[PDB]
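*Asks:* Please see the structure below; I have some questions.
Ideal geometry is used to build each Cβ from the backbone, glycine not excepted, and the neighbour counts take in all protein chains shown. Values in this text are rule-based calculations from the coordinates and carry no lab data.
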Amino acid sequence: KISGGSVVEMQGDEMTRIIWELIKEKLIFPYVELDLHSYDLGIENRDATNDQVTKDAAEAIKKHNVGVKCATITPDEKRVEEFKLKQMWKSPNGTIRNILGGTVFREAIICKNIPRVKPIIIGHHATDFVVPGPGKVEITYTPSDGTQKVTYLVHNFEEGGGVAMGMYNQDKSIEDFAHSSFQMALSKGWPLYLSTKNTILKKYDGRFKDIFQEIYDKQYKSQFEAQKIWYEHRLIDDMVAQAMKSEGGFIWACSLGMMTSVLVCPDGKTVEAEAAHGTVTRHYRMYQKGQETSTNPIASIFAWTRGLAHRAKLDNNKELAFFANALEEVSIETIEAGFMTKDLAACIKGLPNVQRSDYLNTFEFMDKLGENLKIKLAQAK
Amino acid sequence: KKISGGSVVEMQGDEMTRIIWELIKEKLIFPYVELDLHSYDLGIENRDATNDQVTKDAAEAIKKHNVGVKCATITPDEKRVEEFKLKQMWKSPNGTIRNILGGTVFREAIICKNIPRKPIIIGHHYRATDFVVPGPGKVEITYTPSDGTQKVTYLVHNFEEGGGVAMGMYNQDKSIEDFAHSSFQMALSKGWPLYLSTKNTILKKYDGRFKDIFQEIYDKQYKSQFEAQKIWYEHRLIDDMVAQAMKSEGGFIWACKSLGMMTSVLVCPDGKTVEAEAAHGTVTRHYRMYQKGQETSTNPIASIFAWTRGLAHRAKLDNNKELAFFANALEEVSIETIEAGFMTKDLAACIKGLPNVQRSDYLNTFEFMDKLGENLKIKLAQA
Ligand SMILES: NC(=O)c1ccc[n+]([C@@H]2O[C@H](COP(=O)([O-])OP(=O)(O)OC[C@H]3O[C@@H](n4cnc5c(N)ncnc54)[C@H](OP(=O)(O)O)[C@@H]3O)[C@@H](O)[C@H]2O)c1
Ligand SMILES: NC(=O)c1ccc[n+]([C@@H]2O[C@H](COP(=O)([O-])OP(=O)(O)OC[C@H]3O[C@@H](n4cnc5c(N)ncnc54)[C@H](OP(=O)(O)O)[C@@H]3O)[C@@H](O)[C@H]2O)c1
Ligand SMILES: CN1C(=O)/C(=C/c2ccc(=O)n(Cc3ccccc3)c2)NC1=S
Ligand SMILES: CN1C(=O)/C(=C/c2ccc(=O)n(Cc3ccccc3)c2)NC1=S
């Protein structure tokens, strides 16, 4: 078996919990041995430990660089009542993000037989108050050296009351955004585009464009030209214009079962992968009632494969990297071959025309991925 | 022999929308409706010659006669000033007319049963003071009452690490009240429910002000009439609102904090004044193809529906059931004509995919307008 390494695993809730254990059992463990740092982020254990499993998991990701997370219930009122929660805990994704930092990149997985060639990887990057009555709401900046004092008028209230707010943004955040954007662009080998309003908010987004150019020229221009890739700034409307008439395959800096979300830290060494969808509670209820479900596992599978690909990149693990690539291959090939779940069958033929004989249920699709994975790993090597 | 329309303010535009405009009137509106027409030529040449005075006059005429219908007008930039030898770079007519009439903009997409996906109407409530921070310092925001009361200073941020950027935003109470009013007026006009989505938790005081004002206006004015129509209002949050929206049959008005089918309507808070216009521009590419003598295929549905929304509002005001039925008949003739298979190149592309658009799949502009004239005559003959 392949020697994997140190990987932080986080288990989730409901249907994604089931698919998680299936993915490991039938796809991961039979071929890879891992120094696994498992953390049970189910809602009942998060309640029992008072989100301490969440904090611990986040710090463990900070130590071992690579994390793979399953979808976990985010509690609201009906959740607190359902599980008898001691408190309405904050989102574990929120906690982990507030401990690790970084920027989130969402990539959709494109099959050549599903209605939509190269995927677009989209990455996204305050004092409010009431104002009782008429008056002057100004915003003033005073440098630390006291050289000047600049005061702008947000609005002069003469009609009556209202509401106001002020926002800020330091340079280091924009520099981290550009860092992770260029690193992701070089890791995938696809060009990078930055889209902003830039004209409406003249001063605000122009800073983003400028910092992106400074970092690109002082660090990445050479390596980009050395990989048939580049960076370029555009505006939102023109970005949609060229986008709706392009082959695809670029990092744009601004069925759900196929969306993959990955948090990339600015230092470039720490990465957390997770499906972009939720716990699929409706299908989990169908599973509780003994009915037949059909949940696409591709998003969580790709969380595992991207996490393993990053672990392999860190450990110089050629075998494990080949394994992750092989599993992604088996997935896209299995769907393109015709075997898929009901959601993809609906994306193709439209819901009211979906016959049963057009899709497989969750366990059948997992079995098919297992067969094709064993075949692929035996023949491709 | 023709329907008595009423007082309507017309605004003429530029280029391809100008051509399609004259086609819509000549072949669809005038043969069946007589109007006390307040025409205003908002073309770039007349706006230049009169020094944008025709824009102010047209806006004031809409404020007086309640119903306005506008054609797409060029908003001039540098290449426009260079093209027309403009004396000045005039402001956007939508900007002027909107700053004189107030109100809230509602955009509705027209859904055909053969178009890649009940319609959803989205009304939107810009002036933000942003600046760059060069180095360390204190960025504060201060409110000072008019009655000489103590001034309250909040710290937006203290920069000690280095530079950055900052900005400030505001919103008066009257603006939020106009937004909620126009939202309720549109909700009762369409008979669909109304939803308000905000970041009520992150911006507690800011969006909480919106939620509160919306609820207060709902209770001390409406709610009774909503219950009198099997409809309601409800505040929600962004993500759950997208959840309910993206998984419903459609048919609700969402208040937020293909272009040939998009219709834009400015609704004033008073509920009487309404200005309708297509959500697209003057279609310069098609107008240049039209100048060179080439064959164009520009969808007129958006402008036609501008006319039908304006006329339907005029009929609703004057209690003109005949004119209201005419507007409904024209809307239905449009959607039915497209669903019958006759359409323009953009819709043919939405159906058959762009690289596979064969000519025999669409009609040119004049052919499609002729078809709408035929089907309008037939339907109005059957009624
Ligand atoms: N990191 C996390 O733990 C995390 C992040 C996101 C969401 N969530 C949690 O998920 C819970 C419920 O989420 P939700 O109600 O919004 O549903 P969801 O999981 O976000 O997805 C909603 C829809 O996705 C569809 N779906 C079908 N197959 C799927 C597949 N293989 N993968 C993903 N989605 C599939 C279902 O459509 P059908 O109607 O046809 O069944 C379902 O209605 C929430 O408590 C939320 O906190 C967890
Ligand atoms: N913001 C506005 O919409 C607005 C408001 C009032 C007046 N105007 C004025 O109208 C004038 C003409 O500008 P405009 O052509 O942009 O008006 P427009 O009405 O917004 O034009 C839309 C057109 O853009 C074209 N297009 C070309 N490539 C595209 C792509 N990759 N993605 C999406 N659409 C694409 C389409 O025509 P094809 O079928 O040929 O591709 C489409 O009909 C301007 O001077 C403007 O000031 C515009
Ligand atoms: C899908 N998804 C997110 O993208 C996410 C991130 C996030 C980060 C911070 C935060 O405050 N929230 C909102 C929240 C507040 C309190 C309790 C629970 C959630 C959410 N949480 C989830 S579920
Ligand atoms: C497409 N499109 C609009 O939808 C639009 C609306 C609008 C409404 C209010 C307003 O104050 N402005 C500001 C403005 C003033 C002068 C020139 C340009 C913009 C613009 N202006 C345009 S061009």
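*Asks:* For a quick check: sort A:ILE229, A:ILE251 by the number of other beta carbons within 10 angstrom, fewest at the front.
*Replies:* Least crowded to most crowded, the residues run A:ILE229, A:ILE251.
*Asks:* Follow-up question, since we're still on this one. Using the basic label-point model (7 angstrom from Cα toward the beta carbon), what is the B:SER4 to B:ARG288 distance in nanometres?
*Replies:* With each label point 7 Å from Cα toward Cβ, the separation is 4.9 nm.
*Asks:* Can you work out the base-10 log of I(q)/I(0) for chain B at q = 0.06, 0.07, 0.08, 0.09 1/Å, using the Debye formula on its C-alpha atoms alone?
*Replies:* Debye curve over Cα of chain B, log10 I(q)/I(0) at q = 0.06, 0.07, 0.08, 0.09 Å⁻¹: -0.29, -0.39, -0.50, -0.63.
*Asks:* Still on this model: Across 20 Å bins from the origin, how do the percents of Cα pairs in the protein assembly as shown run, short distances first?
*Replies:* 13, 41, 37, 9, 0
*Asks:* Post the alpha-carbon centroid distance, region A:13-33 to region B:260-298, in whole angstrom.
*Replies:* 54 Å
*Asks:* Taking only C-alpha pairs under 8 Å that are 6+ residues apart, what is the relative contact order of region B:260-320 in percent?
*Replies:* In percent, rounded to a whole number, it is 39.
*Asks:* Okay, next question. Helix-only estimate, please: 222 nm mean residue ellipticity of chain B, summing -39500 (n - 2.57) across DSSP H runs of length 4 or more and dividing by its residues, to the nearest 500.
*Replies:* Values: 14 runs with 162 residues, N = 383.
Roughly -13000 deg cm²/dmol at 222 nm, from the helical runs in chain B.
*Asks:* Any idea what the dipole of the protein assembly as shown comes to, in debye rounded to 20, about its Cα centre with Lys/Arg Cβ at +1 and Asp/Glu Cβ at -1? Let's see the in-between values first.
*Replies:* On the way: 98 positive and 100 negative charges, 155 e Å.
Charge dipole, the protein assembly as shown, about its Cα centre: 740 debye, nearest 20.
*Asks:* Right, next: Looking at A:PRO75, A:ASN50, A:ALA276, which one has the Cα that reaches farthest to the positive end of the dipole of chain A (charges on Cβ: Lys, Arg +1; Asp, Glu -1)?
*Replies:* Sorting the options by dipole projection puts first A:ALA276.
*Asks:* Across 5 Å bins from 0, what is the distribution of all Cα-Cα pair distances for region A:51-164, in whole percents?
*Replies:* Using 5 Å bins, I get a P(r) of 2, 7, 10, 10, 9, 9, 11, 12, 13, 10, 5, 2, 0 for region A:51-164.
*Asks:* Right, something else. Any idea which of A:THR103, A:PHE250, A:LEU34 is furthest toward the positive side of the dipole for chain A, if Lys and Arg beta-carbons carry +1 and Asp and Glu beta-carbons -1?
*Replies:* A:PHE250
*Asks:* If you take every DSSP beta bridge fully contained in chain B, what fraction is antiparallel? Give it as a percent rounded to 5.
*Replies:* 50 percent
*Asks:* Here is a follow-up. Ordered by residue, what ³J(HN,Hα) values in Hz, to whole numbers, does region A:324-336 give under the Karplus form 6.51 cos²θ - 1.76 cosθ + 1.60, where θ = phi - 60° and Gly and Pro are x?
*Replies:* Result, rounded to whole Hz: 4, 4, 5, 5, 4, 4, 4, 5, 4, 5, 5, 6, 5.
*Asks:* A follow-up question, please. With respect to the cross-link table entries A:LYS112/A:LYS368; B:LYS70/B:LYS379; B:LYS87/B:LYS174; A:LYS209/B:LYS257, which display a Cα-Cα separation exceeding 28 Å?
*Replies:* Violating the 28 Å Cα-Cα cut-off are B:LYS87/B:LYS174.
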